[PDB]
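Presented as structure tokens, the chain that follows is alone, the form deposited in one PDB entry.
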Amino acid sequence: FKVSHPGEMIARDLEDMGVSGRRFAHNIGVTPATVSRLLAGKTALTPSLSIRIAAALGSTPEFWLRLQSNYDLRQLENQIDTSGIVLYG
């Protein structure tokens, strides 16, 4: 059904702090268009965004980027067929 994207987690941290999407965008050096797209799931949490987010929300850049990597794998593992691929010895 409807799945959860890593933008929802950025949003809950901003709501808990009373920081709007427009100040958060200006803070990380990005226009508010991208933050709205990010938080809604329209676009992906790129590695460069995981670097600014890490400097604003206080975790490792790998942490925020991992959320997008797992999101991509959860989507693609249902789509890519691996029956024809041979495991080597």
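The term rigid core refers to the maximal set of C-alpha atoms that superpose within 1.5 Å between the two forms. Heads up: residue numbers just count along the shown sequence, starting at 1.
With 33-41 and 51-59 compared on mean CA B-factor from the PDB entry, the stretch scoring higher is 51-59. When the mean C-alpha temperature factors of 12-20 and 65-73 are read from the deposited coordinates, 12-20 comes out higher.
Keep in mind the form deposited in another entry is missing from the figure; the text below concerns it.
After superposing the rigid core, the C-alpha of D81 moves by 2 Å or more between this form and the one not shown.
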